[PDB]
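Asker: Give the three-dimensional model of this entry:
(2 chains)
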Amino acid sequence: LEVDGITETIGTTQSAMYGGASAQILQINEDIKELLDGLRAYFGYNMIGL
Amino acid sequence: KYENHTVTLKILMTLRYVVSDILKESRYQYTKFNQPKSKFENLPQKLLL
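Answerer: Residues are numbered from 1 along each chain as shown, chains lettered A, B, ... in the order given. The relevant structure is shown in the block below.
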(Lines give C-alpha, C1' and ligand atoms only; values in the text may rest on other atoms or scores of the structure.)
Protein backbone atom coordinates (compact mmCIF):
# COMPACT_ATOMS: atom_id res chain seq x y z
CA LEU A 1 0.00 0.00 0.00
CA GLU A 2 1.27 3.45 -0.98
CA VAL A 3 -0.26 6.80 -0.02
CA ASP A 4 1.22 10.27 -0.53
CA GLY A 5 4.85 9.18 -0.42
CA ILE A 6 4.61 6.69 2.47
CA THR A 7 4.50 3.03 1.45
CA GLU A 8 4.38 -0.38 3.12
CA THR A 9 4.80 -3.88 1.70
CA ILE A 10 4.40 -7.21 3.50
CA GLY A 11 4.92 -10.84 2.50
CA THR A 12 3.27 -13.27 4.91
CA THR A 13 3.71 -16.96 5.60
CA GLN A 14 0.18 -17.47 4.28
CA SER A 15 0.22 -19.12 0.87
CA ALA A 16 -2.08 -20.90 -1.55
CA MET A 17 -0.49 -24.27 -0.73
CA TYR A 18 0.31 -23.85 2.99
CA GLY A 19 -1.42 -22.10 5.85
CA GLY A 20 0.08 -19.44 8.06
CA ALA A 21 0.50 -21.75 11.05
CA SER A 22 1.51 -24.80 8.99
CA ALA A 23 5.11 -24.45 10.15
CA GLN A 24 4.22 -24.94 13.81
CA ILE A 25 1.87 -27.82 13.00
CA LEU A 26 4.67 -29.56 11.10
CA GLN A 27 7.02 -29.23 14.08
CA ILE A 28 4.33 -30.36 16.53
CA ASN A 29 3.61 -33.40 14.37
CA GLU A 30 7.33 -34.20 14.30
CA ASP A 31 7.61 -33.94 18.09
CA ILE A 32 4.47 -36.01 18.69
CA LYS A 33 5.66 -38.79 16.38
CA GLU A 34 8.89 -39.20 18.34
CA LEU A 35 7.06 -38.71 21.63
CA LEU A 36 4.27 -41.18 20.88
CA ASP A 37 6.39 -43.91 19.29
CA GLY A 38 8.86 -43.80 22.16
CA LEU A 39 6.03 -43.76 24.69
CA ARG A 40 4.46 -46.79 23.00
CA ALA A 41 7.54 -48.70 24.14
CA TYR A 42 6.62 -47.99 27.77
CA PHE A 43 3.35 -49.88 27.22
CA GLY A 44 4.32 -52.24 24.41
CA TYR A 45 2.30 -54.13 21.83
CA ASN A 46 -1.05 -55.80 22.47
CA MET A 47 -1.45 -59.57 22.20
CA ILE A 48 -4.43 -61.93 22.40
CA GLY A 49 -4.66 -65.66 21.82
CA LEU A 50 -6.90 -67.65 19.51
CA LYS B 1 47.70 42.09 27.25
CA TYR B 2 45.38 42.21 24.21
CA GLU B 3 44.00 45.72 24.72
CA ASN B 4 44.46 46.69 21.06
CA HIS B 5 44.52 43.48 19.02
CA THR B 6 42.45 41.43 16.59
CA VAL B 7 41.41 38.01 17.90
CA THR B 8 40.31 35.21 15.58
CA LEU B 9 38.66 31.95 16.59
CA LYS B 10 37.37 28.61 15.39
CA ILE B 11 34.38 27.33 17.30
CA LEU B 12 31.92 24.45 17.55
CA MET B 13 28.23 25.12 18.15
CA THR B 14 25.16 22.96 18.59
CA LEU B 15 22.80 22.48 15.67
CA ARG B 16 19.45 24.27 15.57
CA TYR B 17 16.52 24.44 13.18
CA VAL B 18 13.28 26.37 12.86
CA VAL B 19 10.19 25.59 10.81
CA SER B 20 9.81 27.75 7.69
CA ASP B 21 7.09 25.79 5.90
CA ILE B 22 5.10 22.60 6.46
CA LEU B 23 5.17 20.17 3.54
CA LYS B 24 2.76 17.23 3.20
CA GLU B 25 1.18 18.38 6.44
CA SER B 26 -1.52 15.87 7.39
CA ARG B 27 -1.77 12.20 6.44
CA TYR B 28 -4.54 10.00 7.78
CA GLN B 29 -5.74 6.45 8.32
CA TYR B 30 -8.94 4.90 9.69
CA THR B 31 -7.33 2.07 11.65
CA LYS B 32 -9.95 -0.58 12.40
CA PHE B 33 -8.26 -3.99 12.34
CA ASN B 34 -7.95 -5.58 15.79
CA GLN B 35 -9.69 -2.65 17.46
CA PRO B 36 -12.92 -2.41 19.48
CA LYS B 37 -14.01 0.26 17.00
CA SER B 38 -12.69 2.56 14.30
CA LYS B 39 -9.93 4.98 15.30
CA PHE B 40 -8.34 7.99 13.61
CA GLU B 41 -4.57 8.44 13.68
CA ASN B 42 -2.30 11.16 12.29
CA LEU B 43 0.64 9.90 10.25
CA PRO B 44 4.00 11.70 10.17
CA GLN B 45 4.26 15.23 8.87
CA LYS B 46 7.16 16.47 6.75
CA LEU B 47 8.88 19.71 7.71
CA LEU B 48 11.00 22.14 5.72
CA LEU B 49 13.54 23.63 8.12
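
Asker: Phi, psi for the residue in chain A that chain B sits nearest to please.
Answerer: Of chain A, the residue with the smallest distance to chain B, taken as CB to the nearest CB, is residue A:4 at 5.6 Å. Bear in mind the C-beta positions are built from the backbone N, C-alpha and C, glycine included. Main-chain dihedrals, residue A:4, degrees, to the nearest 10: phi 50, psi 40.

Asker: I figured it hits residue B:26, correct?
Answerer: No. With contact defined as CB atoms under 8 Å, residue A:4 does not count as touching residue B:26 (9.7 Å).

Asker: can you tell me which residues contact the residue lying closest to the residue of chain A closest to chain B once chain neighbours are set aside?
Answerer: Distances taken as CB to CB, 6 or more residues apart in numbering or on different chains put residue B:27 closest to residue A:4, at 5.6 Å, once the chain neighbours are dropped. Residues near residue B:27 by CB atoms under 8 Å, 6 or more residues apart in numbering or on different chains: A:3, A:4, A:6, B:42, B:43, B:44, B:45.

Asker: Quick one: end-to-end distance for stretch A:1-19.
Answerer: For stretch A:1-19, the first and last residues are 23 Å from each other (CA to CA, to the nearest Å).

Asker: Show me what that stretch is in contact with.
Answerer: When contacts are taken as CB under 8 Å, 6+ apart, the neighbours of stretch A:1-19 outside the stretch itself are A:20, A:22, A:23, A:25, B:24, B:27, B:43, B:44, B:46.

Asker: residues near the closest residue to the second one other than its chain neighbours, how many?
Answerer: This means residue A:22. If the residues on either side of it in the chain are set aside, residue A:22 comes closest to residue A:13, at 7.7 Å by CB to CB, 6+ apart. Taking other CB atoms under 10 Å in any protein chain shown as the criterion, the count of residues near residue A:13 is 10.
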